[PDB]
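Positions of Cβ are backbone-derived with ideal geometry, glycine not excepted, and every protein chain shown enters the neighbour counts. The numbers here are math on the coordinates, done by the rules we state, and not lab data.
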Amino acid sequence: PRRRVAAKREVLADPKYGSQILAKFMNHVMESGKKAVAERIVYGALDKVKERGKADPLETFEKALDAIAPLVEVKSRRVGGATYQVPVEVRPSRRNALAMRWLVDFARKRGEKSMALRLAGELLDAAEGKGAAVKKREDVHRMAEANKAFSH
Amino acid sequence: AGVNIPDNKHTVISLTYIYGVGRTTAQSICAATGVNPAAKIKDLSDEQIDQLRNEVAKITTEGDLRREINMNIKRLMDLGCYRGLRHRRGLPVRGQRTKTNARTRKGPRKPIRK
Amino acid sequence: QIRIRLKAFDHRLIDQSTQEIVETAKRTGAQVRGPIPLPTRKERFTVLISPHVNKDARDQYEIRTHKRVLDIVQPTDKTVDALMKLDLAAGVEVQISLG
Amino acid sequence: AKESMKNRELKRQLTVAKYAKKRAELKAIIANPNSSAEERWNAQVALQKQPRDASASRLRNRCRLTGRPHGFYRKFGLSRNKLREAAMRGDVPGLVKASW
Amino acid sequence: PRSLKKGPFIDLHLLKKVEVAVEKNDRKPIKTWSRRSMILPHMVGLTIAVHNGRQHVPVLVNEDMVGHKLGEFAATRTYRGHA
Amino acid sequence: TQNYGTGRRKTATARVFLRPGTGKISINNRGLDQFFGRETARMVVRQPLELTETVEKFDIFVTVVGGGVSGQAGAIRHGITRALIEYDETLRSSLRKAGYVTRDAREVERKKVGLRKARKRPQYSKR
RNA sequence: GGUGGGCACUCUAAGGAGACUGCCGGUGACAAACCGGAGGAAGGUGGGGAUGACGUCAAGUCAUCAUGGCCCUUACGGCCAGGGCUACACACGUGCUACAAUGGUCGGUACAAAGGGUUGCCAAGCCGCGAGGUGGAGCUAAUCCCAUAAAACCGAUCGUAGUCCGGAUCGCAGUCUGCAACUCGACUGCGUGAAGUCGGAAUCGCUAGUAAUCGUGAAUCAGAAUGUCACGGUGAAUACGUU
Ligand SMILES: [Mg+2]
Ligand SMILES: [Mg+2]
Ligand SMILES: [Mg+2]
Ligand SMILES: [Mg+2]
Ligand SMILES: [Mg+2]
Ligand SMILES: [Mg+2]
Ligand SMILES: [Mg+2]
Ligand SMILES: [Mg+2]
Ligand SMILES: [Mg+2]
Ligand SMILES: [Mg+2]
Ligand SMILES: [Mg+2]
Ligand SMILES: [Mg+2]
Ligand SMILES: [Mg+2]
Ligand SMILES: [Mg+2]
Ligand SMILES: [Mg+2]
């Protein structure tokens, strides 16, 4: 806004993992106020993650999150005849939000049985750089570095 | 087996494919002759498909149902009542809107001229 | 033993009536179980203000009814009836029970 | 709000109040659990013999000041745009503008 | 449909006319306005001219149109077609 | 003995009593698990107990009424914090930094005339 | 809480206290003010509502009412019965229900606010799969009735199919109100089961208890709400900035 008066809220209460980031992830997967359904979905996905193998499910979670947050972002700007696209570094807070939004949106459209299974598959595949989200990140990165001329 | 009935499905839902039995009718059928509704038809010995036949032959099925429905519709059509006239022209007969919104009895929009 | 129910459309005069009944009862030597404010009834209306088509232009009104309860213990003098012209004066509906 | 409209609604109210009880027992006879079919038929024909414009369902209450069929409030007797006039002057006891 | 507490609904004057019209058999139509009246089983084979809003249409009553009402055989709107 | 707190949250209220005990917990005369079934309501109702690390020492008797399950849990937390404050009134800071003593004033915004919801509007076609 | 009883508590409803840049640091023309901090339930007009300046659009209303002038007075006045305002090759505006697996069915269970009822609400018992019918208790109501909140949680099943999705349409049989449900009512049972696989150019709402979603009540009212006006439950994402 113009006034620059927005103040950020503090509601962050991970119940049984005590991990600050998973509460925000569950807020992202929540639809229409149904906290419990999203709660169950995320916990089921993490159970699948912990039973596929020996990796700590939470640790796999932040490893995927690190391997999916973009470093630079492209911003459009019309210069009087053409709309160019400058690169700019992404703020530390925006990285995780973009990562979660992309991860959830791409897990939405996979096509397995239940949403928890979709999320688990996305976390397993993106934990090494093979998911749709990771290639979207690569597309954004190459698009940003192909416009390095403006940058500043 | 059935009369071209679907298989690999629960008995009640499978029965509902008969054109004359719905959900509640199928429940009554399965309740009258002791059979588990949660049982697939492919797992039933014929010793009970036979009594399913006997029970289902009690009501109506396919050809005769259509026969009597068309009898009733033709009666309405030939009498000349308001219901019959409205039913001849393919227009809603319970008294719904026809200024707009009556495309379930007219299909596509059919624009003026071409 | 007698119980009094008091009803009014505003709080000032119902408070005045409760105060005067209570003080008369205290003077006449009787005992009073404290006044009880029953929950008020609020009925609301939403009325169009234009003579013709302006739907979003409405105006809202309300009527509140205030209710109080008194009751007395150990009565020997009955002049609360004797104030029939004064315990209720202008706009107070008074109901007497166990007369 | 023609004067004829008010006159004929007054006529309807008078004539509906005129009988106001024969209809009651006639309905009781028709809807009685055990009353025999013949009593049912006699009650039906007697009740249909009564004038048509004598039933409470034909009464459309109007503003007692202007006779406006619409915007009627039964708590008061007034229509939509006489109630506001009365309430602004403070005539109506208890009515105030509220926000909550 | 009307409840089964009172089987039919028939107007007094129309019922009286129908019951008169059986002493001498069907010869002339009965002119009426009561579209609300249901046809009785024992007035079959007689012709009734029911109001339409502009004139009276004649209807010859047969056994198959018993449970209906007179107004069901008099359309009050024309609609000869947009094209 | 004992201590009494009054908590309030989202049209819900809670009366809480703290006595010496062994963490029995009873809400409306039934167990905590039977009341809040598998959610973070247990976490929110217990938070001040472990933050003050007195979960095991207090016996709690609660009567809650009004609102929904989350609002009731917030009421229990508020009442527990107030009673804990009045018991050993030196740790007001400890709860204050956690924001438990503060009472949340958010309420359901009323419907407005001409609008669908408190803030939503019809679609506004301009032609 | 059923009783004796209690005036502790919640609650109800009258009167008060409280929040004032009040105190501290820094900037500032040692001004107005601004950025932070402590205390506090609340901090910077705390949240919301009512409140609409001079005038604008010869804006809307002569059909709510009132009214200048004009017009009809065997009709442009009044009474009645049927019909119409519900038409239907089409086009547009505002909504509702869905296209499903964060879901559909069956069973087990928990928690609201607000409001209406004596030309009224209408219980318990009994009779019907059901809408409902008989019955008459209680209440001129913080007392009795409307009146079971739903989503949420637990268990079982369905396993991606135009389907245990979706419910339109039509056939048969009923209930209720009403003098009277044909034109043209609302509901109930049985059967049928359409379009619909997330929607072109384009376009709208929303900044916190908000959007999203779930249910409840009232006015009008014999009967007739997916509309209107109110009430709670669960409960987000985002704002670097003014190119
Ligand atoms: Mg006049
Ligand atoms: Mg009416
Ligand atoms: Mg509110
Ligand atoms: Mg548009
Ligand atoms: Mg502070
Ligand atoms: Mg501060
Ligand atoms: Mg002001
Ligand atoms: Mg204004
Ligand atoms: Mg003009
Ligand atoms: Mg005009
Ligand atoms: Mg007429
Ligand atoms: Mg119209
Ligand atoms: Mg279904
Ligand atoms: Mg704003
Ligand atoms: Mg709401």
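Only one residue in A:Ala146, A:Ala133, A:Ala120 is under 25 Å from A:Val74 (Cα atoms) and surrounded by 20 or more Cβ atoms within 10 Å (Cβ to Cβ). Which one?
That would be A:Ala133, the only listed residue that is under 25 Å from A:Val74 (Cα atoms) and surrounded by 20 or more Cβ atoms within 10 Å (Cβ to Cβ).
(1) within 16 Å of ligand 15 (Cβ to nearest atom); (2) touching a strand residue (DSSP E or B) at 6+ places or on another chain (Cβ under 8 Å): which one isn't true of F:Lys120, the others all being true?
So F:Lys120 meets the others, but not (2).
Enumerate the helices (runs of 4 or more DSSP H) found wholly within region B:20-87, keeping only those where 1 or more residues are within 14 Å of chain E (Cβ to nearest Cβ) and of a type in the set (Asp, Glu).
Where helices (runs of 4 or more DSSP H) fall fully within region B:20-87 and carry at least 1 residues being within 14 Å of chain E (Cβ to nearest Cβ) and of a type in the set (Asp, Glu), they are B:63-79.
Take the conditions exposed (fewer than 13 other Cβ atoms within 10 Å of the Cβ), within 14 Å of another protein chain (Cβ to nearest Cβ) and hydrophobic (A, V, I, L, M, F, W, C) and apply them to C:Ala57. Does it pass?
Yes, satisfied.
For region C:81-99: of the residues being over 17 Å from C:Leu13 (Cβ atoms) and touching a residue at least 60 places away in the same chain (Cβ under 8 Å), which is surrounded by the fewest Cβ atoms within 10 Å (Cβ to Cβ)?
Within region C:81-99, the match that is surrounded by the fewest Cβ atoms within 10 Å (Cβ to Cβ) is C:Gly99.
What residue, among those in region D:1-24 that are surrounded by 15 or more Cβ atoms within 10 Å (Cβ to Cβ) and under 25 Å from D:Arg68 (Cα atoms), is farthest from ligand 4 (Cβ to nearest atom)?
Checked region D:1-24; the qualifying residue farthest from ligand 4 (Cβ to nearest atom) is D:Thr15.
List the pairs whose first member sits in region F:97-113 and is at positive phi, whose second member is more than 15 Å from ligand 3 (Cβ to nearest atom), and whose Cβ atoms are under 9 Å apart, counting only residues at least 6 apart or on separate chains?
What qualifies is F:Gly99/A:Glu10.
Please indicate, with yes or no, whether at least one residue in region A:54-69 is over 17 Å from A:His28 (Cβ atoms) and in a strand (DSSP E or B).
no
Within region F:32-127, considering only helices (runs of 4 or more DSSP H) that don't extend past its boundaries, which have at least 3 residues that are hydrophobic (A, V, I, L, M, F, W, C) and under 13 Å from the mean Cα position of the chain (by Cα)?
Correct list: F:41-51, F:69-87.
Among the residues of region D:1-53, how many are outside any helix (DSSP H, G or I) and either under 23 Å from E:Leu14 (Cβ atoms) or within 16 Å of ligand 3 (Cβ to nearest atom) (or both)?
Selection size over region D:1-53: 2.
Is it the case that some residue within region F:49-62 is within 24 Å of A:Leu22 (Cβ to Cβ), touching an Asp or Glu at 6+ places or on another chain (Cβ under 9 Å), crowded, with 17+ Cβ neighbours inside 10 Å and of a type outside the set (S, T, N, Q)?
yes
Among all residue pairs at least 6 apart or on different chains, which show Cβ distances below 7 Å where the first residue, located in region C:18-47, is away from chain D (no Cβ under 14 Å) and the second is among the hydroxyl-bearing types (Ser, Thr, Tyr) and surrounded by 14 or more Cβ atoms within 10 Å (Cβ to Cβ)?
Partner pairs satisfying both residue conditions: C:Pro35/C:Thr18.
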